[PDB]
Structures are given as structure tokens and as C-alpha cells.
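Next comes just one chain, in C-alpha cells: the form deposited in one PDB entry.
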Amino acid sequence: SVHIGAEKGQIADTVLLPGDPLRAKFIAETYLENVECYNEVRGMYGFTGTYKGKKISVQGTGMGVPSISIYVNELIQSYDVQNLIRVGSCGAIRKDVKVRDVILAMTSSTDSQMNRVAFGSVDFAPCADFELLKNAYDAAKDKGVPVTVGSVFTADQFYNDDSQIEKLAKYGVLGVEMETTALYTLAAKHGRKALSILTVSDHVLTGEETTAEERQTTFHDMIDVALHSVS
């Protein structure tokens, strides 16, 4: 594949997809055994190791629809990946979305043109694979991890002068990140299973930051949910 330097069999059936390739490294080293780095192209690291004797890969995606779309397309088309799970963060856009909440996205809205390019007059609603989502939901509930299931907004512009998050929040949308629409659309288009699990890095409308301790905790809950869900 053009952007991933792996050899056949080096990538697992199940790939976790953080945005930050240094977080991919952190996840692999902290959570998995017998880790190998199968990719260094562009410094977008990918790794494979085991969790409870089961192979799992962790691949950085970069930020934004166009970057994740590259990695997801290649993982699917060249490495026959079956389960793709984004583990990232988002900016919460409602007060009722708590800093400790782990978010499982059922769907995502977007201002990316990717789906209008394919469908024109149709609004395509991307959809999480329900089996992955329900497993993740059960795993959170079992351990008492606070979890909220709803939708997010996949944004093209981190700094958007024409942001509609205020209106999106009133329509129930939970938070804003930069990947989910692409992940969910591309996995579905190829008959694979996808889910995004997100932590809250801040409230964008109040500007209130989540603390370092808060972030470390929710991140560990996200990774546990991601792995527990698939064991």
C-alpha cells in the first residue's frame, strides 16, 4: 500500500485508530505484548501486538477526513482489516456531556463534502456497526465506566469562523472531532465494521479545559472499553 510499509499478515483483523501516531505507540507499548512496528512511512506509526493472546493493531490516522480516509482505505483494501476502531477525543458542545463521559458515536454529521461528492442531493448518514457499539457499551456498563451514546460532528476546520456547533448542540449532537464520518462511511462501503470511541478534551463553548488527570483517566477507560469489547 502507498502509505503503509507493512508486509502481508503484519496487521491484525482488528485495528485501533488514534489520530496521533505518538498515541498509537503509547497504546501498543502500554497495553499489548510482543509488539512490532510495521510502519514508519511519514512517521504515522502502526504497531501490532497481542492482548490476552489475541492479535490487535494500532495505527495513527492523522487529523481530518482526508488523512484518515487514506489509512482506512489502505487497511481495508490491502490488509483485509475487518474491525476498525477510532479511539480519539472530541470537544464537547453540550453541558450535559460530562468530562468523564466516554462517547460511543452512533453516527456523525459533517461539513466535509466527501458524501455530497458521491451522492449530490442525498444527505448520507454514516452508521456505526451496531455489534461493535453494543459490545463497547456492555463493556463500559459492566465496569461502571460512564458512557453516552449519540452523534458527533466531523469537522474539516478546527478553526472555523462559520462554525454551527451552537445549532448542532441544540439538535442533540454531543461533540466535535475530525474523523468519524470518513471512518464510518468507508468501512460501510466495503462491508467492514467500524466504531468511534471518544473522550472529551474540553467544552468548546465554555472554553473550559479538562485536566491532565481527567484526560489520563478517560483515555484509559477508552482503551479498556476498546479492548474489553473485543475479548
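Whichever C-alpha set is largest while still superposing within 1.5 Å between the two forms counts as the rigid core. The first residue of the sequence shown is number 1, and the count goes up from there.
Here the stretch with the larger average CA B-factor, out of 78-86 and 105-113, is 78-86. Stretches compared: 19-27, 209-217. Higher mean C-alpha B-factor in the entry: 209-217. Per-chain ranking of the deposited C-alpha B factor places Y38 in the highest third. The PDB entry assigns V200 a C-alpha temperature factor belonging to the middle third of its chain's modelled residues. Looking at the C-alpha B-factors along this chain, the one for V99 belongs to the highest third. Sort the chain's modelled residues by C-alpha temperature factor and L32 lands in the highest third, per the entry. For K55, the recorded CA temperature factor ranks within the highest third of the chain's modelled residues.
There is another form of this protein, the form deposited in another entry, and it is not shown here; the text below is about that form.
Taking 2 Å as the criterion, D13 does not count as shifted between this form and the one not shown: its C-alpha moves by less than this amount when the rigid core is aligned. Once the rigid core is used as the reference frame, the Cα position of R215 differs between this form and the one not shown by 2 Å or more. Distance between the C-alpha atoms of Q59 and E214: shorter in the other form than here (change of 3 Å or more). Look at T218 and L104: in the other form their Cα atoms move 3 Å or more farther apart than in this form.
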